[PDB]
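Please read the structure below before turning to the comments.
Below, chain A is the first sequence line, B the second, and so on; all start at residue 1. Heavy-atom basis, side chains included; hydrogens, waters and symmetry copies ignored.
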Amino acid sequence: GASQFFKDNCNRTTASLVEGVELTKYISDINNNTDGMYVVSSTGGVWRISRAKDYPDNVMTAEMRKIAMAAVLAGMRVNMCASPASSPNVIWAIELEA
Amino acid sequence: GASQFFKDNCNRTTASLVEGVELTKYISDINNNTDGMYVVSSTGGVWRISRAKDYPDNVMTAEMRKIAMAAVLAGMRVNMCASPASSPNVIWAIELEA
Amino acid sequence: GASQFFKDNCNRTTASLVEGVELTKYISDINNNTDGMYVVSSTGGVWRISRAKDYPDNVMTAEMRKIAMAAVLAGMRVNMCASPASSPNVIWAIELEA
Amino acid sequence: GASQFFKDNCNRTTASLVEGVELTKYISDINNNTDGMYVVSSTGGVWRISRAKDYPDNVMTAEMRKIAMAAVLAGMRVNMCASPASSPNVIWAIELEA
Amino acid sequence: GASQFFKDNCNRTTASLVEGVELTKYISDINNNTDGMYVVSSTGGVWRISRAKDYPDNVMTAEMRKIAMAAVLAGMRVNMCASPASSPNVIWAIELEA
């Protein structure tokens, strides 16, 4: 379950906490209409990972993509802070667990 | 099989949906006229990975390369949206599946 | 147990040595005020990974992220030299132990 | 067995095909006059991995280094298109086999 | 044991060959005056990994970090060509062994 720290930081925002998601697909598409990379859960939910060219968000967004690939490869769960103002909902923070 | 999201995205393009491919070889080639990154399926189908010079597309092509190499290492399947305009067909989108 | 080298180096500083920590969650956040990379231990303790825009510190901070991810994926323990000046405490050095 | 695609491509070149190589060592060296990245096979043969500073070859040579490492860590075989011009022979294409 | 090629190259330098080293710790430090990347062996021996900003040594030194980290995670041995002129001794070449 989400760390107290992660839930606290989500509840400072207007986003929604989604806990224990099992990501089973990870998508890279070159279409110019994308807003980043996408992950799909075992129940068919889709979320987007944002992109940023410069420091510092170029670090966090890369580590979001590393978390997604490690969660899909190993069957690890994640918790998400996801904003419903975009569709697919955009990930503002992600926690990989165990 | 392809998420609905990935299927819908491929249908907005001229490229073809190829589902459930088992990639078994990953090629890097710097020779004249054949330079590129390619993947080979267990039955001998060949595709070229997209390439891109600049941000944002070079983030997307880096993640395709990571997806294709992870699929080959782990024996995981991928779904592809691949363009028939050249041969080998060029992967415009890829979905790693667990 | 922390190498004597790592302990000697942390003894030069105002930070504190934390030994044998089991990291169980890895967080990337781009929210507006809590952005950063963090790790959470099995007891719920939280640390922020150092960030640096330029060479050479951006080499070491990238390896701190790689160490934190590998520790969470593998259940490998780490030793930290962590500054109590902020909450979460900032990791200024980390040792991955096999 | 190398894919026919990889054999056909190598056969366009002045390089030679080496199939089914088991790489057991991976070397990085920054000493004068020996600097480079190299691989050594189970029988003791040595190859240099190509290098390139610029796009697009900087992509393919980085993938060559990822393939080499993965082959050595997992005991996977590779097929190589290697130029006999210099010693060690330089890898111009490589195919990782699962 | 070290390849003949690795040994021949190290014998050309002022550095020492160290064979069969079992690395068990990997350190990243950004503290003043002790900053750097380091590895520690099962005996307590400590080495500094070379670093470089510019091409081409930025490639080799990144691969040295990847070799160190892989050796620690998987308990693989390395061979090193390490200079005694500094403490910790600096790694000028490294060979990962399967």
Side-chain angles (χ1 to χ4, degrees), chain D residues 15-16 18 20-52 61 64-73 75 77-78 80-92 94, chain E residues 1-23 37 39 41 43 45-52 55-71 74 76-98:
Chain D
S16 297
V18 191
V21 182
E22 187 195 1
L23 297 173
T24 52
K25 304 185 187 305
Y26 185 47
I27 297 166
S28 175
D29 185 349
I30 62 168
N31 287 132
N32 292 324
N33 294 138
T34 61
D35 63 294
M37 294 304 307
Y38 308 91
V39 292
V40 185
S41 72
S42 60
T43 65
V46 184
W47 292 263
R48 179 190 295 280
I49 299 172
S50 290
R51 55 142 83 142
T61 57
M64 289 181 176
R65 289 190 299 268
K66 296 175 197 180
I67 285 170
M69 165 87 69
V72 169
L73 284 185
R77 293 150 39 123
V78 301
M80 300 186 310
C81 188
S83 169
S86 310
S87 285
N89 292 172
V90 184
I91 297 166
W92 286 350
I94 190 163
Chain E
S3 68
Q4 190 70 52
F5 178 75
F6 188 88
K7 289 192 303 183
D8 289 347
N9 299 332
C10 189
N11 281 166
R12 293 167 58 185
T13 73
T14 59
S16 295
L17 170 76
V18 195
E19 284 187 88
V21 179
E22 308 187 329
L23 293 176
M37 300 298 310
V39 290
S41 71
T43 308
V46 189
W47 293 265
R48 182 192 293 272
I49 301 178
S50 286
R51 58 173 172 81
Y55 182 86
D57 288 346
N58 65 2
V59 171
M60 276 73 83
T61 59
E63 300 300 311
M64 295 182 169
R65 289 189 298 270
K66 293 176 197 176
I67 284 166
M69 170 158 190
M76 302 164 72
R77 300 188 180 108
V78 305
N79 314 303
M80 293 181 321
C81 182
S83 169
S86 326
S87 172
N89 292 3
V90 180
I91 294 163
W92 286 347
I94 188 164
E95 179 171 69
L96 182 59
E97 299 193 330

Hey, what do you get for [atom1] ([X]) to [atom2] ([Y]), rounding to the nearest 0.5 Å?
X        : Y        : atom1 : atom2 : result
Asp29(D) : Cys10(E) : CG    : SG    : 8.5 Å
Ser87(E) : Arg48(E) : OG    : CZ    : 9.0 Å
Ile27(D) : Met64(E) : CD1   : CE    : 11.0 Å

So which heavy atom on [X] is nearest to which on [Y], and how close?
X        : Y        : value
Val21(E) : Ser41(E) : CG1-CB, 3.7 Å
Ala68(E) : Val39(E) : CB-CG1, 3.6 Å
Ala2(E)  : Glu97(E) : N-OE2, 4.0 Å
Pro84(E) : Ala15(E) : CD-CA, 4.0 Å
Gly20(E) : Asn79(E) : N-OD1, 2.9 Å

| Would you call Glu22(E) and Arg77(E) a salt bridge, taking side-chain N to carboxylate O under 4.0 Å as the test? |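 Yes, charged N to carboxylate O under 4.0 Å.
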Close side-chain approach of [X] to [Y], heavy-atom, < 4.5 Å:
X        : Y        : result
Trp47(D) : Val18(D) : yes
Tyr26(D) : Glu63(E) : yes
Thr14(E) : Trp92(E) : yes
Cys81(E) : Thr13(E) : yes
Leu96(E) : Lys66(E) : no
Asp35(D) : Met60(E) : yes
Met80(E) : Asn89(E) : no
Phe6(E)  : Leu17(E) : yes

| message | Before you tell me yes or no, could you show the steps for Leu73(D) and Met76(E) under side-chain contact (heavy atoms from CB on, under 4.5 Å), namely the whole-Å CA-CA distance, both residues' side-chain angles and the distance that decides it to 0.1 Å? | response | CA-CA 9 Å; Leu73(D) 284 185; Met76(E) 302 164 72; 3.2 Å; yes
| Could you walk me through whether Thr61(D) and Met37(D) pass the side-chain contact (heavy atoms from CB on, under 4.5 Å) check? | CA-CA 10 Å; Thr61(D) 57; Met37(D) 294 304 307; over 6 Å; no
| Are the side chain of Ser83(E) and the backbone of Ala85(E) linked by a donor-acceptor contact shorter than 3.5 Å? |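 Yes, because the side chain of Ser83(E) sits within donor-acceptor range (under 3.5 Å) of the backbone of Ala85(E).
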| query | For the side chain of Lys25(D) and the backbone of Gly1(E), is there at least one donor-acceptor N/O pair under 3.5 Å apart? | reply |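 Yes, because the side chain of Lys25(D) sits within donor-acceptor range (under 3.5 Å) of the backbone of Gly1(E).
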| field | More than 12 heavy atoms from other groups under 6.0 Å of CG on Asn32(D) | value |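 No, because the 6.0 Å sphere around CG of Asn32(D) holds 12 heavy atoms or fewer from other groups.
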| message | Could you walk me through whether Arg51(D) and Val59(E) satisfy the side-chain contact (heavy atoms from CB on, under 4.5 Å) test, starting with their C-alpha distance in whole Å, then the side-chain angles of each, then the deciding distance to 0.1 Å, before giving a yes or no? | response | CA-CA 9 Å; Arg51(D) 55 142 83 142; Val59(E) 171; 5.8 Å; no
| task | Scan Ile94(E), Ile67(E), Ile91(E), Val90(E) and name whichever one has a side chain to side chain contact (heavy atoms under 4.5 Å, CB included) with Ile49(E). | result |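 Between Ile49(E) and the candidates, side chain to side chain contact (heavy atoms under 4.5 Å, CB included) is satisfied uniquely by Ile91(E).
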